[PDB]
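Visitor: Mind having a look at this structure? Questions to follow.
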Amino acid sequence: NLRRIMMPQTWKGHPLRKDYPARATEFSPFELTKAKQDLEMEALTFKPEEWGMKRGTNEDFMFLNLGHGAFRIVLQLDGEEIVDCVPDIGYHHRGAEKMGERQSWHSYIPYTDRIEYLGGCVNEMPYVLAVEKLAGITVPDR
Amino acid sequence: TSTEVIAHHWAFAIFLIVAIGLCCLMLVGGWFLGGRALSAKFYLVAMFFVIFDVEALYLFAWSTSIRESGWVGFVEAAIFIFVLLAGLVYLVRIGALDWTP
Amino acid sequence: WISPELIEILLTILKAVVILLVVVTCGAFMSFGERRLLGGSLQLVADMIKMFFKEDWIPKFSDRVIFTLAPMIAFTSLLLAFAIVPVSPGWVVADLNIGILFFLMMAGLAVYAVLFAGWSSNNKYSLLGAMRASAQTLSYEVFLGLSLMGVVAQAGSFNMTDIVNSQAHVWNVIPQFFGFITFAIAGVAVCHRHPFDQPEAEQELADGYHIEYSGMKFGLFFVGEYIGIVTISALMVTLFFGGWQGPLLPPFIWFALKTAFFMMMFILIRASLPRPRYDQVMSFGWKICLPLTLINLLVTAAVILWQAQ
Amino acid sequence: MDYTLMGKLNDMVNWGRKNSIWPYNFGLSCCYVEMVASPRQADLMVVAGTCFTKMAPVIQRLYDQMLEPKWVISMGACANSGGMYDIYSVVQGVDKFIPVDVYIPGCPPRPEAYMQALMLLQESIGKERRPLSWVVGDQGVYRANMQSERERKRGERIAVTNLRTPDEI
Amino acid sequence: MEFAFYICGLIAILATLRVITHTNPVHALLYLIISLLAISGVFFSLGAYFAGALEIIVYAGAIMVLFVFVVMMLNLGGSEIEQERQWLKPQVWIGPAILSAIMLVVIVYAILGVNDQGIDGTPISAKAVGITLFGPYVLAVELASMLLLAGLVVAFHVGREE
Ligand SMILES: CCCCCCCCCCCCCCCCCC(=O)OC[C@H](COP(=O)(O)OCCN)OC(=O)CCCCCCCCCCCCCCCCC
Ligand SMILES: CCCCCCCCCCCCCCCCCC(=O)OC[C@H](COP(=O)(O)OCCN)OC(=O)CCCCCCCCCCCCCCCCC
Ligand SMILES: CCCCCCCCCCCCCCCCCCCC
Ligand SMILES: CCCCCCCCCCCCCCCCCCCC
Ligand code: SF4
C-alpha cells in the first residue's frame, strides 16, 4: 500500500523536493469546507482497500475510527478481537526537515526542541553534536 | 373518608402535580430562554430479567403474609425458590449468563 | 371559609411541598459537594442561569419527543419515589399501602431514561452504550426487590411507617445485613453511579448517552441522578436504620443525620472504590446477589416462623 | 465604550456566564501538555497547539458542535499566528477560520497565563450584550471594544528600570 | 375514585387506539406504556392495589422494556413497511374494523342486562392476595414457576445468537 503517510491523500506535490515552496500557502475557506465534507461521509464512503485492509464486510467485521498526541487508527474487529489495524498518522506534521533547509545551522535549534517536546535538551543533543562534527568542533569537558 | 386520609391524598396529588410541573416548566424555561445562532445477549439479559421479575413478584406477594401462611407456605415458597435457583444455575452453567465467553 | 379540616389539608400540602423543595435543593447541593470535594450556592445559581440561557439544540435527525422525554424520566422517577419516605411523624407525603412497591414501580419506570436517551441520540455508539447501561441496571433491578423483601417479611407489610415502627427496638441492618448490602449495591447500580458509572468505557464501540444532551437537559440528568442518590439514601435509612427513630435528638434530626451520612458514604465510595469490568459487574449481579437475596428471604422467613409461639 | 455587532437581569445573566465557564481543551500539540466535557455542553474552546492542515477540519467541526454562546481562547504562538511553523502543512493561526476572543502569547505559555486568559475572558463576558430570548429584543450580540492590555499596562511596564542580572538562579 | 377510573379508562382507550394505528415502533411502545399506566390507575381506582403495583412493575416495567430492547436491537429504520403504510389504507383496515365492532357490540350486549350492585372499591391488599396465593392456589404458584421456566428455556433455545 504505497500511499501518503504525512500529507493527506488529496495533496499535490512532494514537499521535501527542492522545488517545492517551504513557506505556508494562502488559506482557503473553500478547501477547508471540502476537507470537512470529506470528513463528513468518510465512514459512509469507507473503502477498506485504500488502507491495505481486506475482507470488508463476512458480515461480522466491523470497521471503526479511533482518536501522547491525538491520532486515528482504523480497527477491523471480529466481535471484540482485533483482526487488523492501520494507524493513520500525519495529523501532527510540522515540516521540521523542510524547515531545516530554511533555517541557519544556529537558528534551527528551537525546531530541534519542538520535535519530541517532552525531551528538550535531549532533542538538542544529536543536532548540535552532528553540527559540531560538520564544523570539526571538539567541545571541552565542562 | 377520614380527614387525615383525604388530606394525605391531596398532598400526594399536589406533590406529583408540582413535581411534574416543575420538571416541565424547567425544560420550558430552558427551551424558551437564551438566543440562538447488535448482540443478542442484550435480549437474553432482558428476557432473564422479565422471567425472574415475575418470579420475584410471586415472592413479593409471599413476603407480606409469611406469618399468615405458616410453615406450609414456607415449604411452598422453598420449592418455588429451589426451582428458581435450579433455573438460575442452569443458565449460569450453559453460558447464557456468561457475558465474555 | 375557615374550617380545621381545610387547615389540615393545606398544612399537609405545605408539608409535601416543603419536602419536595428540600429534596431538589439538597440534590443540587449534593452536586455542588461532589464537584467541590473531588459562594457555592451562588455558583449553583450561576450554573443554573447558564443552563437556562444556553440555547437548547435538539438534533435534526433525532426524535424530539423521546429526546425530551428521557431527562424527565431521569428526574421525576426517583424524585417521585421519594414520596413514600417518612422523614418524621406526621411528615410523610403519602402513607401508601403499597409503599416500597411504589419505589419498585418508580425504578422500573426509571430504566426508560437511559433507554430513551440512547435511542433518541442518533448515534450507534451511544445506542450500544445505552444497551450496556440498560443491561446493567436490569441485572441489578432483578434483585433490588428481594433485598427489600427481607425487610418486608420482617415488618409483615409494605407500609414504610410500619417498617419504621418495626425497627423501634432493633434496626434492620443487624438482621437484614445481606439485604442491606445487596440493596446498597443495587441502589448504586440503579442510579448508574460509581462503580457502575460508565459501562460504555469498556469498549470504543460505545459512548455515553449523556453525550449530545446539552443545556437544561444535561442539567436535568445531573440533578435527577443526585436526587436519586438522595432518595436511595433516605430509603436505605427508613428501611435499615430505624428511619427517624433515635434516643435523644428530635426525629427529623436523626433522619437527616443518617441520610447525610449515607450521602457522604456514597461520595467516598465514588472517590475510593475502583471500577470493575462490565462482564465482572453483570456476573457478580446475576451469580451472587440474586441467590443471596433468595436465601436471605428463606432464612428470614424460617427465623420469623420459628419465633412465633 | 464602543461595541461591535431591564438591565440588571442582563448583568445577572452575564455574571452567570462569567463565573460558570466550562472549557473544552483541545490537545493539538505541546501547549496542551504544558497547560495540563462534551463539545455540546462546553461553552469555551481553548485551542492550544499547532493547526495542522489535516486536523483544522476537526477543530472547525468540534467548534461548530458547540452552542451559543461560545468563546475561544487561543494559547501559544502556533494557535495565535502559526508561530515558528510558517510551513506548508500548518494553518497560520486559529483565527484564519474560527473567531478568537482571547490570545495568549508564549511557546508554550505558562499555566498562569491560561489563568490570566480566564480572567480576561471573564470581564470580556461581563461587559458584553447578548439577546435575552429568541423572540424578544434585538437578536444581535455586542462585544465590548476593550482597552488593549498593552495600552493599560504601558506605564508600569515602561517604568521598569533594573532587573536581576542573569548570572544567578 | 370514580373520576380516576373514568379518566384513566379513557386515557387507556385513547392510548391503545393510537398504539394500533402508529408507524414508529418506539412511539407505539411509548403509547403502550401510557396505556399500561392508565390501566394501573384503573386498578388502583377499583381497590386492586397489588394488581396496579404489578402493572407498573412488571407489565410497563419489565415486558415493555423487553419490547424496547428488541426494537432498538433490530434497528427499525423504515424497512419497506413504514414507507408502504398499508394499515391506514381503507381497503385493508375496513374489514377487521367492522368485524371487531360487531364483536364489540355482541360482547357489550352480553355485558348489559347483568345484575350489578356496583364495585365498592374497598382495597384488597397484597396481604390477602399473598394469603390466597400460598393457600388455596399453591399448585398455581408452583406450576406458574414451571411455566416461566418453560418460557425461559424456549426463549434461550430460540433467541440465542451463536
Ligand atoms: C408527562 C406526564 C406523564 C404522566 C405523569 C403522571 C400522570 C398523573 C399525574 C397526576 C396524579 C394525580 C393524583 C393521583 C392520586 C393520588 C392519591 C392516590 O393514588 O390515592 C389512592 C391510593 C391510596 O392508598 P392508601 O392511602 O394506602 O389507602 C387509602 C385507603 N382507601 O394510593 C395509590 O393507589 C397510590 C398508587 C398510585 C400512584 C401513581 C403515581 C403516578 C404514576 C406515574 C409516574 C410517571 C413517571 C414518569 C413517566 C414515566 C414514563 C412515561
Ligand atoms: C384532568 C384531565 C386530564 C389531564 C391529563 C391527564 C392527567 C392524568 C389523569 C388521570 C390520573 C389522575 C386521575 C384523578 C385522580 C385524583 C385522585 C382520586 O380520585 O383519588 C380517589 C382515590 C383515592 O383512594 P380511596 O381511598 O379509594 O378514595 C375514596 C376515599 N377513601 O384514588 C384511587 O383510588 C386511585 C387514584 C388513581 C390512581 C393513581 C393515578 C394514576 C395515574 C395514571 C396516569 C396514566 C398516564 C397519564 C398520561 C397523561 C398524558 C397523556
Ligand atoms: C402448620 C404447620 C405445618 C407443619 C408441617 C409442614 C410440612 C408438611 C406439609 C407439606 C406440604 C407441601 C406441599 C407442596 C406442594 C408442591 C407442589 C409442586 C408441584 C410441581
Ligand atoms: C436529606 C434530607 C431530606 C429531607 C426532606 C424533608 C424535609 C422536611 C423538613 C421538616 C422539618 C421539621 C420536621 C418536624 C419537626 C421535628 C424536627 C424539628 C427540628 C428540625
Ligand atoms: S506554540 Fe510552541 S509550545 Fe505551543 S504548540 Fe506551538 S511549538 Fe508547541
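By order in the C-alpha cells, chains are A, B, ...; within a chain, residues start at 1; ligands start at 1, following the order shown.
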Give me, as a count of residues only, the set of residues whose atoms come within 9 Å of any atom of ligand 3, counting only C-alpha atoms and all ligand atoms.
Guide: 19
Visitor: So that I can see what lies close to region 64-69 of chain A, please list as a list in words the residues with an atom at most 8 Å from it, counting only C-alpha atoms and leaving out residues fewer than 4 positions away in the same chain.
Guide: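 Answer for this query is residues 73, 74, 75 and 76 of chain A; 204 and 205 of chain C; 27, 28 and 29 of chain D.
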Visitor: Could you list, as a CSV table (one decimal) with N, CA, C and O atoms, in the first residue's frame, all the residues within 7 Å of ligand 5, counting only C-alpha atoms and all ligand atoms?
Guide:
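selection_6.csv, freshly written:
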chain,number,residue,atom,x,y,z
A,114,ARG,N,11.3,21.4,19.5
A,114,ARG,CA,9.9,21.1,19.4
A,114,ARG,C,9.6,19.7,18.8
A,114,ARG,O,8.4,19.3,18.8
D,29,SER,N,-1.0,20.0,20.4
D,29,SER,CA,0.5,19.9,20.5
D,29,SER,C,0.9,20.2,21.9
D,29,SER,O,0.2,20.1,22.8
D,30,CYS,N,2.2,20.6,22.0
D,30,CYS,CA,2.9,20.7,23.3
D,30,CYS,C,2.3,21.7,24.2
D,30,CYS,O,2.5,21.6,25.4
D,31,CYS,N,1.5,22.7,23.7
D,31,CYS,CA,0.9,23.7,24.6
D,31,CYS,C,-0.1,23.0,25.5
D,31,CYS,O,-0.3,23.4,26.7
D,48,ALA,N,-4.9,25.0,21.9
D,48,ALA,CA,-3.6,25.1,22.4
D,48,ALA,C,-2.7,24.2,21.6
D,48,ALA,O,-2.4,23.0,22.0
D,49,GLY,N,-2.2,24.7,20.5
D,49,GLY,CA,-1.3,23.9,19.7
D,49,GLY,C,-1.4,24.3,18.2
D,49,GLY,O,-2.1,25.2,17.8
D,50,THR,N,-0.6,23.6,17.4
D,50,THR,CA,-0.5,23.9,16.0
D,50,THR,C,-1.7,23.4,15.3
D,50,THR,O,-2.2,22.4,15.5
D,76,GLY,N,-0.8,30.2,22.8
D,76,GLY,CA,0.5,29.9,22.2
D,76,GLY,C,0.7,30.5,20.8
D,76,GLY,O,-0.3,30.9,20.2
D,77,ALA,N,2.0,30.6,20.4
D,77,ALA,CA,2.3,31.2,19.1
D,77,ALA,C,1.7,30.4,18.0
D,77,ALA,O,1.3,31.1,17.0
D,78,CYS,N,1.6,29.1,18.0
D,78,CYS,CA,1.1,28.3,17.0
D,78,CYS,C,-0.4,28.6,16.8
D,78,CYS,O,-0.8,28.9,15.6
D,79,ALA,N,-1.2,28.6,17.8
D,79,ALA,CA,-2.6,28.9,17.7
D,79,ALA,C,-2.9,30.3,17.4
D,79,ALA,O,-3.9,30.7,16.8
D,83,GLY,N,3.0,30.7,14.6
D,83,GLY,CA,4.2,30.7,15.4
D,83,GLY,C,5.4,30.6,14.6
D,83,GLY,O,5.6,31.3,13.5
D,106,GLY,N,3.3,33.0,23.9
D,106,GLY,CA,4.1,32.1,24.6
D,106,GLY,C,4.4,30.9,23.7
D,106,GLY,O,3.6,30.6,22.8
D,107,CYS,N,5.4,30.1,24.0
D,107,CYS,CA,5.7,28.9,23.3
D,107,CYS,C,6.4,27.9,24.2
D,107,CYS,O,7.6,27.6,24.1
D,108,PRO,N,5.6,27.3,25.1
D,108,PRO,CA,4.2,27.5,25.5
D,108,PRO,C,4.1,28.6,26.5
D,108,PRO,O,5.0,29.1,27.1
Visitor: If we count only C-alpha atoms and set the cut-off at 8 Å, which residues sit around region 13-24 of chain E, ignoring sequence neighbours fewer than 6 positions away in its own chain? Please answer as a tab-separated table (two decimals) with N, CA, C and O atoms, in the first residue's frame.
Guide:
chain	number	residue	atom	x	y	z
E	31	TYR	N	-46.80	4.81	23.69
E	31	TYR	CA	-48.24	4.88	23.92
E	31	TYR	C	-48.75	3.64	24.64
E	31	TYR	O	-49.71	3.71	25.41
E	32	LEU	N	-48.10	2.49	24.43
E	32	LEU	CA	-48.44	1.28	25.15
E	32	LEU	C	-48.11	1.40	26.64
E	32	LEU	O	-48.89	0.96	27.49
E	34	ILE	N	-48.02	4.25	28.26
E	34	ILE	CA	-49.04	5.18	28.77
E	34	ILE	C	-50.35	4.44	29.04
E	34	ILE	O	-51.01	4.67	30.07
E	35	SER	N	-50.74	3.54	28.14
E	35	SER	CA	-51.95	2.74	28.35
E	35	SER	C	-51.83	1.85	29.58
E	35	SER	O	-52.80	1.69	30.33
E	82	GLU	N	-42.89	1.04	6.75
E	82	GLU	CA	-43.15	2.44	7.07
E	82	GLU	C	-43.41	3.26	5.81
E	82	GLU	O	-44.33	4.09	5.78
E	85	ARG	N	-47.07	1.79	4.37
E	85	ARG	CA	-48.18	2.26	5.21
E	85	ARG	C	-49.51	1.70	4.69
E	85	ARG	O	-50.39	2.41	4.20
E	87	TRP	N	-51.68	-0.26	6.53
E	87	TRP	CA	-52.74	-0.46	7.51
E	87	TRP	C	-53.69	0.72	7.58
E	87	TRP	O	-54.80	0.57	8.12
E	88	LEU	N	-53.30	1.89	7.08
E	88	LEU	CA	-54.17	3.04	7.03
E	88	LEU	C	-54.90	3.18	5.71
E	88	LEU	O	-55.64	4.15	5.53
Visitor: What residues of the protein or nucleic acid chains come within 10 Å of ligand 2 when you use only C-alpha atoms and all ligand atoms? Reply as a PyMOL selection string.
Guide: (chain B and resi 1-3+5-6+8-10+12-13+16-17) or (chain E and resi 1-12+14-15+31+33-49+52+56+120-123)
Visitor: Using only C-alpha atoms and all ligand atoms, determine which residues fall within 10 Å of ligand 4, then list them as a ChimeraX atom specification.
Guide: /C:15-27,30,82-83,85-93,227,229-231,233-234,244,249-263
Visitor: Mind dumping the selected residues with C-alpha atoms as a JSON list (two decimals), in the first residue's frame?
Guide:
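Output (again-v8.json):
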[["chain", "number", "residue", "atom", "x", "y", "z"],
["C", 15, "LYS", "CA", -45.53, 19.79, 54.26],
["C", 16, "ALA", "CA", -45.38, 17.87, 50.97],
["C", 17, "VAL", "CA", -44.26, 20.96, 49.02],
["C", 18, "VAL", "CA", -41.55, 21.66, 51.62],
["C", 19, "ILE", "CA", -40.37, 18.03, 51.43],
["C", 20, "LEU", "CA", -40.19, 18.25, 47.63],
["C", 21, "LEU", "CA", -38.32, 21.56, 47.61],
["C", 22, "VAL", "CA", -35.83, 20.36, 50.23],
["C", 23, "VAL", "CA", -35.18, 17.22, 48.16],
["C", 24, "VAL", "CA", -34.47, 19.13, 44.93],
["C", 25, "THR", "CA", -32.31, 21.76, 46.65],
["C", 26, "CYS", "CA", -30.49, 19.01, 48.56],
["C", 27, "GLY", "CA", -29.75, 17.17, 45.31],
["C", 30, "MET", "CA", -25.05, 17.29, 46.55],
["C", 82, "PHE", "CA", -39.18, 9.85, 47.46],
["C", 83, "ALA", "CA", -42.91, 10.40, 48.18],
["C", 85, "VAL", "CA", -40.32, 8.14, 52.68],
["C", 86, "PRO", "CA", -41.44, 9.19, 56.18],
["C", 87, "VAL", "CA", -38.96, 11.81, 57.39],
["C", 88, "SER", "CA", -40.73, 12.47, 60.74],
["C", 89, "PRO", "CA", -44.02, 11.52, 62.45],
["C", 90, "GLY", "CA", -46.67, 13.48, 60.61],
["C", 91, "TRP", "CA", -44.22, 14.48, 57.85],
["C", 92, "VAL", "CA", -44.82, 11.92, 55.12],
["C", 93, "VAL", "CA", -46.15, 12.82, 51.68],
["C", 227, "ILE", "CA", -31.85, 13.37, 43.65],
["C", 229, "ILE", "CA", -28.83, 9.34, 45.47],
["C", 230, "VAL", "CA", -30.81, 11.42, 47.97],
["C", 231, "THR", "CA", -33.89, 9.20, 47.80],
["C", 233, "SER", "CA", -30.08, 7.09, 50.90],
["C", 234, "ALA", "CA", -33.37, 8.10, 52.53],
["C", 244, "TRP", "CA", -36.42, 8.83, 62.31],
["C", 249, "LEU", "CA", -32.42, 14.12, 69.29],
["C", 250, "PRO", "CA", -35.63, 15.16, 67.52],
["C", 251, "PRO", "CA", -36.70, 12.57, 64.93],
["C", 252, "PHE", "CA", -36.03, 14.71, 61.86],
["C", 253, "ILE", "CA", -32.53, 15.46, 63.16],
["C", 254, "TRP", "CA", -31.78, 11.73, 63.34],
["C", 255, "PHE", "CA", -33.24, 11.10, 59.88],
["C", 256, "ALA", "CA", -31.27, 13.98, 58.36],
["C", 257, "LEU", "CA", -28.06, 12.84, 60.06],
["C", 258, "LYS", "CA", -28.42, 9.28, 58.75],
["C", 259, "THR", "CA", -29.34, 10.47, 55.24],
["C", 260, "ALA", "CA", -26.40, 12.88, 55.12],
["C", 261, "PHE", "CA", -24.07, 10.15, 56.37],
["C", 262, "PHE", "CA", -25.14, 7.78, 53.62],
["C", 263, "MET", "CA", -24.88, 10.56, 51.02]]
Visitor: Counting only C-alpha atoms, which residues of chain B come no farther than 8 Å from chain C, as a PyMOL selection string?
Guide: chain B and resi 3-4+6-12+14-16+18-20+23-24+26-27+29-31+33-36+38+42+45-46+49+52-53+56+59-60+63-67+70-71+74+78+81+85+92+97-100
Visitor: Go through chain A and flag each residue having an atom no more than 6 Å from chain D; for those, report the closest pair of atoms plus their distance in Å to one decimal, using only C-alpha atoms, ordered by chain and rising number, as JSON lines.
Guide:
{"residue": "A:22", "atom": "CA", "partner": "D:87", "partner_atom": "CA", "distance": 5.6}
{"residue": "A:23", "atom": "CA", "partner": "D:87", "partner_atom": "CA", "distance": 4.4}
{"residue": "A:24", "atom": "CA", "partner": "D:88", "partner_atom": "CA", "distance": 4.3}
{"residue": "A:36", "atom": "CA", "partner": "D:57", "partner_atom": "CA", "distance": 5.2}
{"residue": "A:91", "atom": "CA", "partner": "D:54", "partner_atom": "CA", "distance": 5.3}
